[PDB]
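> just dropping in an experimental structure and the matching sequence.
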Amino acid sequence: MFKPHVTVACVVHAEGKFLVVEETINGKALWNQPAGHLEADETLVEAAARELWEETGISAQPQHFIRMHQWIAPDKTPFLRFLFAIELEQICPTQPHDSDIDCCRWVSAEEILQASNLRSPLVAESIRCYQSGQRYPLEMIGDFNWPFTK
Ligand SMILES: [Mn+2]
Ligand SMILES: [Mn+2]
């Protein structure tokens, strides 16, 4: 009985730049949104907040739902990738709390779209969705009748 991978991702935007995490993946350093897998008994939004803190040490809640991408991935691993947006007034200090992440870069949209090191092609698409002006309320993919304290 098929379940797919469920991951969350955030476009974090500040002073005309986007936040990107550098992960060395076999040998080379790749760029990604702060992003990861949903875990047990966790809201998509909570997830997105957690993986942000973990991969960058920013403390922020996702502000809107941009969109969700269903994609297969080169090694056939199936994904449902939830994409979110956070605007901050100014670039804020960062500190990854995860061994996976070499560092955080704040980078221009054109730099993302032009890059040859993106972790997946969804990293660039994410910027495109962002810049289209598309956003929606969290409530779009929100939790219904939830066992646990928010
Ligand atoms: Mn992670
Ligand atoms: Mn994770």
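Alright, I've got the coordinates. Numbering: from 1, shown residues only. Ligands and ions are numbered 1, 2, ... in the order given.
> how much space between the closest residue to ligand 1 within the chain and residue 6?
Across the chain, the shortest distance to ligand 1 (C-beta to the ion) belongs to residue 36, at 3.4 Å. The way it works is simple: take the backbone N, C-alpha and C, and place the C-beta from them, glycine included. Residue 36 sits 10 Å away from residue 6, going by C-beta to C-beta, to the nearest Å.
> also residue 114?
Distance, residue 114 to residue 6, using C-beta to C-beta: 29 Å.
> one step back: which one's more surrounded, residue 36 and residue 6?
residue 36 (20 against 16; other C-beta atoms under 10 Å).
> report the secondary structure element holding that one.
Element membership for residue 36, per DSSP states H and E: strand 35-37.
> how about that strand and ligand 2, any contact?
Yes: under the criterion of C-beta under 5 Å from the ion, ligand 2 is reached by strand 35-37 at 36, 37.
> quick one: contacts of that strand?
Under the contact criterion C-beta atoms under 8 Å, 6 or more residues apart in numbering, strand 35-37 has outside partners 5-10, 21, 47, 50-51, 54-55, 81.
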